[PDB]
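Each remark here refers to the structure printed beneath this line.
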Amino acid sequence: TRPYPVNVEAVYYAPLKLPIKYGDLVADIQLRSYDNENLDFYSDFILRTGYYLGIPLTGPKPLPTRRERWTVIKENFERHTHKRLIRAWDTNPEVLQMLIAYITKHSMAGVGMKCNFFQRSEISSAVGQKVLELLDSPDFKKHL
Amino acid sequence: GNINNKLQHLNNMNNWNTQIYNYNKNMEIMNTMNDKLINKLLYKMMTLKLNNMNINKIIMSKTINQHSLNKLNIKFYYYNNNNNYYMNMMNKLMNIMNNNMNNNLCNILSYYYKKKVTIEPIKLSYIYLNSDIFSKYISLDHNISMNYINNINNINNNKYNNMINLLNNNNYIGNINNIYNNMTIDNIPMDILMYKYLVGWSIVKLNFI
Amino acid sequence: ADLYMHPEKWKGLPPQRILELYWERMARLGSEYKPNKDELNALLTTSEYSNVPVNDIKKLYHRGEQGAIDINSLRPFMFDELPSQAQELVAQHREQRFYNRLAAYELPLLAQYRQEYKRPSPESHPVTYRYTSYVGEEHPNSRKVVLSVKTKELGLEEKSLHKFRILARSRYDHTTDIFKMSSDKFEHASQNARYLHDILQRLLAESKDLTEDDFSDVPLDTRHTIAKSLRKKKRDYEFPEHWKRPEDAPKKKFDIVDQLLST
Amino acid sequence: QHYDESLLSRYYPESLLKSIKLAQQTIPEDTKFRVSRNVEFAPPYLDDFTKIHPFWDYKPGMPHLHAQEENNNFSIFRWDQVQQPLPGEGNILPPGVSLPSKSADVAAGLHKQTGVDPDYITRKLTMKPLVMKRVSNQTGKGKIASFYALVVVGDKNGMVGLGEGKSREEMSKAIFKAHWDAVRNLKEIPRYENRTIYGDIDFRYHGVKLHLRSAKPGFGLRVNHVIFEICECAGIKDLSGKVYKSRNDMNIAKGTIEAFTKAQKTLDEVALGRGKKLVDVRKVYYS
Amino acid sequence: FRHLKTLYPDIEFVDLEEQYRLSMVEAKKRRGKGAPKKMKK
RNA sequence: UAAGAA
RNA sequence: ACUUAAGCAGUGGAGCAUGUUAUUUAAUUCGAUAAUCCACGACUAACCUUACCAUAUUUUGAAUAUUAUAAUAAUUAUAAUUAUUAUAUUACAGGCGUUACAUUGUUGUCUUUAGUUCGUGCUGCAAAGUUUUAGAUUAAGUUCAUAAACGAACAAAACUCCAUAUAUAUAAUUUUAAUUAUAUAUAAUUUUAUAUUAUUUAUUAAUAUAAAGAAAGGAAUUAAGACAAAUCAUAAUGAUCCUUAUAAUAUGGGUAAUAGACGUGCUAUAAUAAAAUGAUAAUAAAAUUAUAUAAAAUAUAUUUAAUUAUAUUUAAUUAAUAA
Ligand SMILES: [Mg+2]
Ligand SMILES: [Mg+2]
Ligand SMILES: [Mg+2]
Ligand SMILES: [Mg+2]
């Protein structure tokens, strides 16, 4: 009856991933949150954005959760840092900058992000500037 | 309390008043302290008066500070209390929150935070829809569950029937319009929503189910 | 767009539009707001839209809420509003729907900006630079740049390659053949990257200058790498080849139905 | 499935055709979709996300975390109302619940519990409280006071009933329970000529000695006040009588009803039991 | 809070804590329990 | 032609 | 039935460390005191911390508000208003002052939490009672059964959450720990079969023997009374007291003094136990690193080297990567 085109159908299914053709890692995106829900939702959204931008993205690799603990004297409190890793392959710098800009614009509450960019390339002092000033002062210049 | 559904469970992120993650921990501590100070300021800002004998005390909940990568959103609930031709005091307050051109509060807060700030006030018409507001105001079950469970079973069985009918007539079953036949925004959302009804109270612990 | 700033042009229009323009004027101007006759006449025109007398609306326009004054709680619950706790779930669903609409209709538009991968040749571009960006944060480590290169991809003769490794010292890892150095001494990443490039140029120039000393008598010191390797567990063992029993592996058994279904 | 732009033009807005075209060009029509095991992105229903729902989507022009307007472009200036009222009917009334006198509730409850007629109870019974007391019980945590109500109900046509109710909270509740009990205890009272008692009654109820005497037409109710109220409810018009020994109001009230029901025999009962004809001389004197 | 009087002159905010402090100061000064006059040079 | 109340 | 008693395994007469107390002291900041006992907080006291002592020094002080002045920017039609900053003004601020300064609150400990109300129904004239029952069983409210009582709400339980076992997903298996990580889901509060004992006679329970199971632990979650607590540092309010000083700052000193007494800990008093040595490096987990972390190397103690401790120099890593 009602046509539901492929873009809408894709929302109801796991995000598509483009195949990795050469295996040139061009960036890794680490997402961190003190909860896992927003983190994983945002990771799925990043995968969708990357697919449509033409970027091969492997997936939100689970990284070890960091636990912080505090004892109140015997009440125990703890904080969990959940971490996901999304790696990008075989992509130009400009498309990848577009990815980062778009996912920054539409980020979720409570999720931080670190981005490492790997750029293959062809082969081809405050104290010091004050120590000189002190040594060229009359108080120190008089002993020398 | 289905965790896989955003209408059937409270996101664990929402049980913190400051919702943030910074790789730079110094900045995260600073932002937490900023949120507490701004909450105290906003509490101070909720009392107004139209000359003596005209005191108006808006009651706001705790602020919810949603820190994203490029923006902070300070959301709070509030309770207040021919009108088309003037602005009462509460309207003026909210309009300085966002809408004034020159010295609106969110621009000043943006300087304080060094990131974009928006403010989201949400009016609550009753005082017993929010335990914090109810407390700040008084300063100055089986049958419903059974109906909810019946609705959940009905929805699940509806989707199951749809899918088996497709299989009768890989893992990719078929078109989305037939897998979700009688599953519409006009029947599913409000029936699966949780915490619609206040089923218990002890004056301030309000139990919503 | 700025029609709310020009009350002269409110003449006409729907009365509800005039009300909205008046409210926008008040909201935007705040205390800078002041009476304007044209706006008052436009509101007189709306006097019929809302059941309010002309005199009353002029009175309210001039004296505001004071004019209104001059002219509950614990109410019964009508089941017409949600608890704030349920409104949090409604907001979670609003967020979900917003992202779903983005994925449905704005993400496909990003397909216009697809580019073909201009793979830099590994031989031509063997040096990799790693930059760090903490999105939405002022992090001191965002200035760090790391330069890595496999030394055998530097185009050095054997004597010069040896001299390079000797001079690299702990930055060179003989097990992986990776020369790596990092810089975060300058406030900006571009400065640190240029600094690392310049260091590499000096190292290559000295390694190729064999007119004075080639350091052929100095063996390659691997002590830093030994110390590094002792800190990581080494699972360097594999199942004995002669223990394997392929004779014992399960053998696929013929099944007629599957073959007659592949027809 | 992939569709002709011709067909889509009829079902989707003009501004959305571009994204659908680009999607169909970027997603091969052989694509095999998998469901996500652990992260649910789409809602639990079907939606093409072409329409902004007034309640389930963020209100346009409202500030929030994902507001796409600029700070100087929000279009909400009136804060006196909830910005997003509920969808559908505009309420969340549970099935079996109603939106937000005593005789009506007694009648409804007793019709549900015993199958008696509510209309009769509401439009033909009159209640009269007889005694209203505060009793008390000594318990380890102090004195617990209860309100006690004895009431009488009747239709002035030979039906009368006494009821007792007791409530630790309010006298309204004790009287409500007494009214309930009285309706449940409705009896039929023999009456001679629908105005008096058949003969005389000398009835003992615990410590109360009742002496009731039938009276002539026009003679009033010359009796104890409790008995007067009971007679008013029962349809007794003419009566003389005296109470001896105990004059406790509750015991008088209760014992007068056993006196009316147990210590009376109608003329028909006597005539049939004895096989004799009992003639009322005054009834026959006037034809 | 004190800046609010200058940013938004058409809104007159009330600091409950400050008003309570002033009311207590005046109540003490009515009982003769108020602070003495600070000595001055 | 027999009324009770505190 | 907390407790005792028994059994097992220890520790326990000294030195030191750390507390408390006593005495001393300018100060050794503060903490108990109704007759068994018991003043006893330290996630770091050189300065800071700090509350204490000595000596100097400050006087509207850290706040808010009023009223003036002196500038500085904006606006009127040149003076003026509007604000911002300083100076003064006095209401005051300030108080590790007071619990022999009282209230709530909160916190701790302890007792009770298969029980408390409500609704109907039933019994007694009624106040009241709600009846078997002083039930069975378990280590236990544990698990059951029963009655003129039956429900509901809470409470308890179930549930939930950890962990454990398994499935799916994810990781281009060089951030490698795939023997991993962390999301989702499943599982058990285990079940079946005989035999012997008892039984309220089995469709019960225990023991034993078989059978299937990876299956064997833990945490949280409610109220009501009683008493204690002012380092209540679990607050708020009030009262009361000081206001050139009971507030505030600097320099130094003390909290580290030593006759005693006691608590706790560490190191010992030797052979079922101490020492040294053990480089293709026996075998971990959990944490930490932008207010860092410190590799390898070199030098000295130092003696071929190693070990150990510093210095020189800072490689890598702001981290499933390096330390
Ligand atoms: Mg000191
Ligand atoms: Mg000092
Ligand atoms: Mg004071
Ligand atoms: Mg002091």
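Chains: A, B, ... in order of the structure tokens. Residues: from 1 per chain. Ligands: from 1, in order shown.
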**Within 8 Å of ligand 2 (only C-alpha atoms (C1' of nucleotides) and all ligand atoms), residues as a PyMOL selection string** = chain G and resi 47-48+50+251-252
Just N, CA, C and O atoms (P, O5', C5', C4', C3', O3' and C1' of nucleotides) for this one: save the residues we selected as a PDB file, in the first residue's frame.
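To be explicit, this is the file written out as part22.pdb:
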```pdb
ATOM      1  P     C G  47      53.778  23.156  60.740  1.00  0.00           P
ATOM      2  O5'   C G  47      54.238  24.332  59.784  1.00  0.00           O
ATOM      3  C5'   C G  47      55.108  25.342  60.260  1.00  0.00           C
ATOM      4  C4'   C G  47      55.212  26.470  59.275  1.00  0.00           C
ATOM      5  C3'   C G  47      53.906  26.916  58.638  1.00  0.00           C
ATOM      6  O3'   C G  47      53.136  27.782  59.451  1.00  0.00           O
ATOM      7  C1'   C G  47      55.504  26.599  56.954  1.00  0.00           C
ATOM      8  P     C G  48      51.665  27.350  59.916  1.00  0.00           P
ATOM      9  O5'   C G  48      50.854  27.151  58.560  1.00  0.00           O
ATOM     10  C5'   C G  48      50.485  28.247  57.732  1.00  0.00           C
ATOM     11  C4'   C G  48      49.938  27.776  56.405  1.00  0.00           C
ATOM     12  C3'   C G  48      48.597  27.053  56.450  1.00  0.00           C
ATOM     13  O3'   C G  48      47.498  27.937  56.395  1.00  0.00           O
ATOM     14  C1'   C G  48      50.135  25.802  55.157  1.00  0.00           C
ATOM     15  P     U G  50      42.255  23.545  58.813  1.00  0.00           P
ATOM     16  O5'   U G  50      42.774  24.712  59.757  1.00  0.00           O
ATOM     17  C5'   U G  50      42.136  24.989  60.994  1.00  0.00           C
ATOM     18  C4'   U G  50      42.997  25.848  61.882  1.00  0.00           C
ATOM     19  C3'   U G  50      43.916  26.843  61.174  1.00  0.00           C
ATOM     20  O3'   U G  50      44.017  28.044  61.940  1.00  0.00           O
ATOM     21  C1'   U G  50      45.198  25.404  62.527  1.00  0.00           C
ATOM     22  P     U G 251      54.069  34.709  57.050  1.00  0.00           P
ATOM     23  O5'   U G 251      54.975  35.083  58.297  1.00  0.00           O
ATOM     24  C5'   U G 251      56.249  35.676  58.124  1.00  0.00           C
ATOM     25  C4'   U G 251      56.957  35.831  59.444  1.00  0.00           C
ATOM     26  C3'   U G 251      57.228  34.551  60.213  1.00  0.00           C
ATOM     27  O3'   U G 251      58.337  33.816  59.731  1.00  0.00           O
ATOM     28  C1'   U G 251      56.322  36.148  61.676  1.00  0.00           C
ATOM     29  P     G G 252      58.255  32.215  59.620  1.00  0.00           P
ATOM     30  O5'   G G 252      58.417  31.712  61.121  1.00  0.00           O
ATOM     31  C5'   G G 252      59.652  31.858  61.794  1.00  0.00           C
ATOM     32  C4'   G G 252      59.489  31.902  63.292  1.00  0.00           C
ATOM     33  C3'   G G 252      58.970  30.648  63.966  1.00  0.00           C
ATOM     34  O3'   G G 252      59.933  29.616  64.065  1.00  0.00           O
ATOM     35  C1'   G G 252      57.869  32.510  64.866  1.00  0.00           C
TER      36        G G 252
END
```
Return as a PyMOL selection string every polymer residue, whether protein, DNA or RNA, with at least one atom no more than 12 Å from an atom of ligand 1; count only C-alpha atoms (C1' of nucleotides) and all ligand atoms.
-> chain G and resi 27+29+45-53+252-256
If you take only C-alpha atoms and all ligand atoms and a cut-off of 10 Å, which residues of chain E touch ligand 3, and what are their nearest atom pairs and distances in Å to one decimal, in chain and number order, as CSV?
```
residue,atom,partner,partner_atom_place_in_ligand_line,distance
E:21,CA,ligand 3,1 (Mg),9.2
E:24,CA,ligand 3,1 (Mg),9.8
E:25,CA,ligand 3,1 (Mg),9.1
E:35,CA,ligand 3,1 (Mg),9.5
```
| task | Would you mind listing the residues within 8 Å of ligand 4, counting only C-alpha atoms (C1' of nucleotides) and all ligand atoms, as number ranges by chain? | result | G: 51, 95-96, 246-247
With N, CA, C and O atoms (P, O5', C5', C4', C3', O3' and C1' of nucleotides) retained, could you export that selection as a PDB file, in the first residue's frame?
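Written output follows (out.pdb):
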```pdb
ATOM      1  P     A G  51      42.851  29.144  61.909  1.00  0.00           P
ATOM      2  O5'   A G  51      41.859  28.679  63.063  1.00  0.00           O
ATOM      3  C5'   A G  51      42.314  28.489  64.393  1.00  0.00           C
ATOM      4  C4'   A G  51      41.414  27.546  65.145  1.00  0.00           C
ATOM      5  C3'   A G  51      41.775  27.271  66.599  1.00  0.00           C
ATOM      6  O3'   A G  51      41.178  28.215  67.475  1.00  0.00           O
ATOM      7  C1'   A G  51      41.218  25.242  65.446  1.00  0.00           C
ATOM      8  P     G G  95      31.560  33.476  59.921  1.00  0.00           P
ATOM      9  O5'   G G  95      32.049  33.239  61.418  1.00  0.00           O
ATOM     10  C5'   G G  95      33.426  33.296  61.751  1.00  0.00           C
ATOM     11  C4'   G G  95      33.637  33.399  63.240  1.00  0.00           C
ATOM     12  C3'   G G  95      32.950  32.341  64.087  1.00  0.00           C
ATOM     13  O3'   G G  95      33.679  31.128  64.146  1.00  0.00           O
ATOM     14  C1'   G G  95      32.602  34.486  65.037  1.00  0.00           C
ATOM     15  P     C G  96      33.312  29.898  63.181  1.00  0.00           P
ATOM     16  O5'   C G  96      33.979  28.640  63.893  1.00  0.00           O
ATOM     17  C5'   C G  96      33.504  28.168  65.149  1.00  0.00           C
ATOM     18  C4'   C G  96      34.626  27.680  66.031  1.00  0.00           C
ATOM     19  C3'   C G  96      35.839  28.613  66.131  1.00  0.00           C
ATOM     20  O3'   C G  96      36.367  28.593  67.455  1.00  0.00           O
ATOM     21  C1'   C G  96      36.545  26.482  65.464  1.00  0.00           C
ATOM     22  P     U G 246      39.121  39.259  71.863  1.00  0.00           P
ATOM     23  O5'   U G 246      39.152  37.855  71.108  1.00  0.00           O
ATOM     24  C5'   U G 246      38.598  36.686  71.682  1.00  0.00           C
ATOM     25  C4'   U G 246      37.636  35.978  70.754  1.00  0.00           C
ATOM     26  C3'   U G 246      37.046  36.802  69.614  1.00  0.00           C
ATOM     27  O3'   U G 246      36.681  35.933  68.539  1.00  0.00           O
ATOM     28  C1'   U G 246      35.322  36.159  71.084  1.00  0.00           C
ATOM     29  P     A G 247      37.724  35.491  67.405  1.00  0.00           P
ATOM     30  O5'   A G 247      37.229  36.265  66.107  1.00  0.00           O
ATOM     31  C5'   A G 247      36.004  35.942  65.464  1.00  0.00           C
ATOM     32  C4'   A G 247      35.713  36.899  64.335  1.00  0.00           C
ATOM     33  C3'   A G 247      36.801  37.013  63.277  1.00  0.00           C
ATOM     34  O3'   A G 247      36.713  36.009  62.284  1.00  0.00           O
ATOM     35  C1'   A G 247      36.217  39.171  64.010  1.00  0.00           C
TER      36        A G 247
END
```
Please determine the contact residues of chain C with respect to chain G at a cut-off of 12 Å, counting only C-alpha atoms (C1' of nucleotides), and supply them as a ChimeraX atom specification.
/C:132,134,138-144,146,168-173,176,178-184,221-235
Okay, now the selection with N, CA and C atoms, as an mmCIF file, in the first residue's frame?
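File produced: result08.cif:
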```
data_model
loop_
_atom_site.group_PDB
_atom_site.id
_atom_site.type_symbol
_atom_site.label_atom_id
_atom_site.label_comp_id
_atom_site.auth_asym_id
_atom_site.auth_seq_id
_atom_site.Cartn_x
_atom_site.Cartn_y
_atom_site.Cartn_z
ATOM 1 N N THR C 132 45.586 14.222 17.325
ATOM 2 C CA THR C 132 44.547 13.955 18.308
ATOM 3 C C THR C 132 43.617 15.153 18.390
ATOM 4 N N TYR C 134 40.210 16.219 20.747
ATOM 5 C CA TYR C 134 39.190 15.985 21.766
ATOM 6 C C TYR C 134 38.031 16.912 21.446
ATOM 7 N N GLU C 138 38.936 21.504 25.680
ATOM 8 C CA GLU C 138 40.293 22.039 25.715
ATOM 9 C C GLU C 138 41.111 21.031 26.509
ATOM 10 N N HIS C 139 41.774 20.144 25.796
ATOM 11 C CA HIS C 139 42.632 19.127 26.366
ATOM 12 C C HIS C 139 44.083 19.406 25.998
ATOM 13 N N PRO C 140 45.010 19.401 26.959
ATOM 14 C CA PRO C 140 46.404 19.713 26.609
ATOM 15 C C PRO C 140 47.015 18.754 25.605
ATOM 16 N N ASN C 141 46.562 17.504 25.571
ATOM 17 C CA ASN C 141 47.116 16.479 24.699
ATOM 18 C C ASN C 141 46.666 16.603 23.251
ATOM 19 N N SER C 142 45.766 17.533 22.931
ATOM 20 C CA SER C 142 45.358 17.698 21.544
ATOM 21 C C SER C 142 46.452 18.326 20.690
ATOM 22 N N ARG C 143 47.512 18.843 21.304
ATOM 23 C CA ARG C 143 48.651 19.362 20.558
ATOM 24 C C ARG C 143 49.642 18.274 20.156
ATOM 25 N N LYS C 144 49.523 17.069 20.709
ATOM 26 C CA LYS C 144 50.506 16.022 20.460
ATOM 27 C C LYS C 144 50.424 15.531 19.021
ATOM 28 N N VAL C 146 52.366 12.435 16.610
ATOM 29 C CA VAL C 146 53.240 11.266 16.616
ATOM 30 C C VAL C 146 53.635 10.942 15.183
ATOM 31 N N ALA C 168 68.815 6.736 16.195
ATOM 32 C CA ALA C 168 67.458 6.771 16.723
ATOM 33 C C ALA C 168 67.407 6.236 18.141
ATOM 34 N N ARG C 169 68.239 5.245 18.452
ATOM 35 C CA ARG C 169 68.388 4.742 19.825
ATOM 36 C C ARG C 169 67.055 4.161 20.283
ATOM 37 N N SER C 170 66.425 4.687 21.338
ATOM 38 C CA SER C 170 65.234 4.058 21.893
ATOM 39 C C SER C 170 63.994 4.290 21.040
ATOM 40 N N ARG C 171 64.007 5.288 20.158
ATOM 41 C CA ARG C 171 62.869 5.497 19.279
ATOM 42 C C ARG C 171 62.740 4.402 18.233
ATOM 43 N N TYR C 172 63.799 3.646 17.978
ATOM 44 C CA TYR C 172 63.772 2.574 16.998
ATOM 45 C C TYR C 172 63.518 1.243 17.690
ATOM 46 N N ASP C 173 62.608 0.460 17.126
ATOM 47 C CA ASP C 173 62.247 -0.859 17.633
ATOM 48 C C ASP C 173 62.630 -1.878 16.568
ATOM 49 N N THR C 176 59.876 -4.601 15.312
ATOM 50 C CA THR C 176 58.870 -4.144 14.366
ATOM 51 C C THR C 176 59.432 -3.297 13.238
ATOM 52 N N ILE C 178 60.041 -0.160 13.473
ATOM 53 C CA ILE C 178 59.289 1.086 13.546
ATOM 54 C C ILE C 178 60.139 2.139 14.239
ATOM 55 N N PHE C 179 60.402 3.238 13.542
ATOM 56 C CA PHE C 179 60.919 4.450 14.155
ATOM 57 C C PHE C 179 59.726 5.326 14.502
ATOM 58 N N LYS C 180 59.610 5.697 15.771
ATOM 59 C CA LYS C 180 58.492 6.494 16.251
ATOM 60 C C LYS C 180 59.000 7.589 17.172
ATOM 61 N N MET C 181 58.525 8.811 16.959
ATOM 62 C CA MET C 181 58.788 9.905 17.883
ATOM 63 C C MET C 181 57.557 10.785 18.001
ATOM 64 N N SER C 182 57.359 11.341 19.187
ATOM 65 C CA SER C 182 56.194 12.156 19.475
ATOM 66 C C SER C 182 56.635 13.511 19.997
ATOM 67 N N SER C 183 55.823 14.524 19.711
ATOM 68 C CA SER C 183 56.105 15.887 20.136
ATOM 69 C C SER C 183 54.821 16.521 20.640
ATOM 70 N N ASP C 184 54.878 17.060 21.856
ATOM 71 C CA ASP C 184 53.833 17.929 22.381
ATOM 72 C C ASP C 184 54.440 19.097 23.143
ATOM 73 N N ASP C 221 71.906 -1.475 19.683
ATOM 74 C CA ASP C 221 71.495 -1.696 21.063
ATOM 75 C C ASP C 221 69.992 -1.938 21.118
ATOM 76 N N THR C 222 69.602 -3.107 21.621
ATOM 77 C CA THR C 222 68.205 -3.510 21.720
ATOM 78 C C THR C 222 67.734 -3.634 23.163
ATOM 79 N N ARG C 223 68.444 -3.027 24.113
ATOM 80 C CA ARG C 223 68.105 -3.207 25.519
ATOM 81 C C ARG C 223 66.766 -2.568 25.870
ATOM 82 N N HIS C 224 66.483 -1.381 25.333
ATOM 83 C CA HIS C 224 65.189 -0.761 25.592
ATOM 84 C C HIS C 224 64.051 -1.652 25.104
ATOM 85 N N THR C 225 64.234 -2.312 23.958
ATOM 86 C CA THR C 225 63.195 -3.197 23.443
ATOM 87 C C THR C 225 63.062 -4.455 24.291
ATOM 88 N N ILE C 226 64.173 -4.993 24.795
ATOM 89 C CA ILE C 226 64.087 -6.144 25.694
ATOM 90 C C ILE C 226 63.310 -5.773 26.951
ATOM 91 N N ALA C 227 63.628 -4.615 27.531
ATOM 92 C CA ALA C 227 62.926 -4.173 28.731
ATOM 93 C C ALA C 227 61.445 -3.968 28.449
ATOM 94 N N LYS C 228 61.120 -3.421 27.276
ATOM 95 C CA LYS C 228 59.724 -3.260 26.885
ATOM 96 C C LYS C 228 59.031 -4.610 26.737
ATOM 97 N N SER C 229 59.695 -5.575 26.109
ATOM 98 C CA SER C 229 59.063 -6.861 25.844
ATOM 99 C C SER C 229 58.849 -7.662 27.119
ATOM 100 N N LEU C 230 59.713 -7.489 28.119
ATOM 101 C CA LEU C 230 59.520 -8.206 29.373
ATOM 102 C C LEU C 230 58.237 -7.800 30.086
ATOM 103 N N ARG C 231 57.691 -6.629 29.780
ATOM 104 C CA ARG C 231 56.497 -6.131 30.444
ATOM 105 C C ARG C 231 55.205 -6.610 29.798
ATOM 106 N N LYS C 232 55.284 -7.281 28.657
ATOM 107 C CA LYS C 232 54.133 -7.835 27.958
ATOM 108 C C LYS C 232 54.246 -9.348 27.868
ATOM 109 N N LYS C 233 53.166 -10.034 28.234
ATOM 110 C CA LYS C 233 53.147 -11.489 28.198
ATOM 111 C C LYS C 233 53.293 -11.977 26.765
ATOM 112 N N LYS C 234 54.115 -13.003 26.576
ATOM 113 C CA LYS C 234 54.448 -13.528 25.255
ATOM 114 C C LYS C 234 53.883 -14.936 25.125
ATOM 115 N N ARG C 235 52.827 -15.073 24.329
ATOM 116 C CA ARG C 235 52.178 -16.361 24.086
ATOM 117 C C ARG C 235 52.733 -17.005 22.818
#
```
For chain A, list the residues within 12 Å of chain B, counting only C-alpha atoms, and write the list as a ChimeraX atom specification. /A:1-14,30-42,79-83,100-115
Determine, for each residue of chain E having at least one atom at most 7 Å from an atom of chain C, the closest pair of atoms and their separation in Å to one decimal, counting only C-alpha atoms; order by chain and ascending number, as CSV.
```
residue,atom,partner,partner_atom,distance
E:8,CA,C:31,CA,6.8
E:9,CA,C:31,CA,6.7
E:10,CA,C:31,CA,5.4
```
Open item on the list: Residues within 12 Å of residue 199 in chain C, please, as a list in words. Count only C-alpha atoms (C1' of nucleotides); anything in the same chain fewer than 2 positions from it doesn't count.
Closed with: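 Residues meeting the cut-off are residues 123 and 124 of chain A; 147, 167, 168, 180, 181, 182, 183, 192, 193, 194, 195, 196, 197, 201, 202, 203, 204, 205 and 206 of chain C.
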Selection export as an mmCIF file, in the first residue's frame, atoms kept: C-alpha atoms:
```cif
data_model
loop_
_atom_site.group_PDB
_atom_site.id
_atom_site.type_symbol
_atom_site.label_atom_id
_atom_site.label_comp_id
_atom_site.auth_asym_id
_atom_site.auth_seq_id
_atom_site.Cartn_x
_atom_site.Cartn_y
_atom_site.Cartn_z
ATOM 1 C CA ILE A 123 59.195 11.610 3.811
ATOM 2 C CA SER A 124 60.281 15.164 2.987
ATOM 3 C CA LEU C 147 55.464 10.404 13.644
ATOM 4 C CA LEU C 167 71.171 7.413 16.138
ATOM 5 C CA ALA C 168 67.458 6.771 16.723
ATOM 6 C CA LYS C 180 58.492 6.494 16.251
ATOM 7 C CA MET C 181 58.788 9.905 17.883
ATOM 8 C CA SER C 182 56.194 12.156 19.475
ATOM 9 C CA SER C 183 56.105 15.887 20.136
ATOM 10 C CA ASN C 192 54.708 19.880 16.708
ATOM 11 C CA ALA C 193 54.237 18.216 13.306
ATOM 12 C CA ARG C 194 56.644 20.605 11.589
ATOM 13 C CA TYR C 195 59.100 20.073 14.436
ATOM 14 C CA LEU C 196 58.926 16.296 14.006
ATOM 15 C CA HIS C 197 59.395 16.667 10.248
ATOM 16 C CA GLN C 201 65.178 15.672 8.084
ATOM 17 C CA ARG C 202 68.186 16.165 10.355
ATOM 18 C CA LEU C 203 68.262 12.460 11.187
ATOM 19 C CA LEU C 204 68.133 11.466 7.514
ATOM 20 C CA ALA C 205 70.782 14.017 6.530
ATOM 21 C CA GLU C 206 73.147 12.802 9.242
#
```
- request: May I ask you to extract the residues of chain G within 7 Å of chain A, using only C-alpha atoms (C1' of nucleotides), and to give them as a list in words?
  value: residues 170, 171, 172, 181, 182 and 320 of chain G
Can I get the selection written as a PDB file, in the first residue's frame, with C-alpha atoms (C1' of nucleotides)?
```
ATOM      1  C1'   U G 170      30.740  -6.290  17.752  1.00  0.00           C
ATOM      2  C1'   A G 171      36.648  -6.432  16.827  1.00  0.00           C
ATOM      3  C1'   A G 172      39.362  -5.693   9.108  1.00  0.00           C
ATOM      4  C1'   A G 181      36.566  -7.050  25.825  1.00  0.00           C
ATOM      5  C1'   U G 182      30.964  -5.468  26.737  1.00  0.00           C
ATOM      6  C1'   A G 320      42.954  -2.490  25.966  1.00  0.00           C
TER       7        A G 320
END
```
Can you work out which residues from chain D touch chain G at a cut-off of 8 Å (counting only C-alpha atoms (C1' of nucleotides)) and hand them back as a ChimeraX atom specification? /D:36-39,135-137,206,250-251
Would you save the residues of that selection, restricted to N, CA and C atoms, as a short mmCIF file (atom, residue, chain, number, x, y, z; two decimals), in the first residue's frame?
```cif
data_model
loop_
_atom_site.label_atom_id
_atom_site.label_comp_id
_atom_site.auth_asym_id
_atom_site.auth_seq_id
_atom_site.Cartn_x
_atom_site.Cartn_y
_atom_site.Cartn_z
N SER D 36 19.31 -5.44 14.77
CA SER D 36 20.35 -5.24 15.77
C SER D 36 20.02 -6.04 17.02
N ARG D 37 21.03 -6.74 17.54
CA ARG D 37 20.80 -7.62 18.68
C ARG D 37 20.64 -6.86 19.98
N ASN D 38 21.27 -5.69 20.10
CA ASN D 38 21.42 -5.04 21.39
C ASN D 38 21.13 -3.54 21.40
N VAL D 39 20.93 -2.90 20.25
CA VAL D 39 20.65 -1.47 20.18
C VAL D 39 19.46 -1.27 19.27
N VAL D 135 -17.84 6.06 71.53
CA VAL D 135 -17.36 5.00 72.40
C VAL D 135 -15.84 4.99 72.31
N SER D 136 -15.20 4.27 73.21
CA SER D 136 -13.75 4.26 73.23
C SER D 136 -13.24 2.93 73.76
N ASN D 137 -12.08 2.52 73.26
CA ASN D 137 -11.42 1.30 73.69
C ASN D 137 -10.03 1.65 74.20
N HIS D 206 -34.21 -7.59 76.77
CA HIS D 206 -33.15 -7.43 77.75
C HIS D 206 -33.69 -6.65 78.95
N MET D 250 -30.72 2.69 72.64
CA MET D 250 -30.41 1.62 71.70
C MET D 250 -31.27 0.39 71.96
N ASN D 251 -31.41 0.01 73.23
CA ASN D 251 -32.18 -1.18 73.55
C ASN D 251 -33.66 -0.96 73.33
#
```
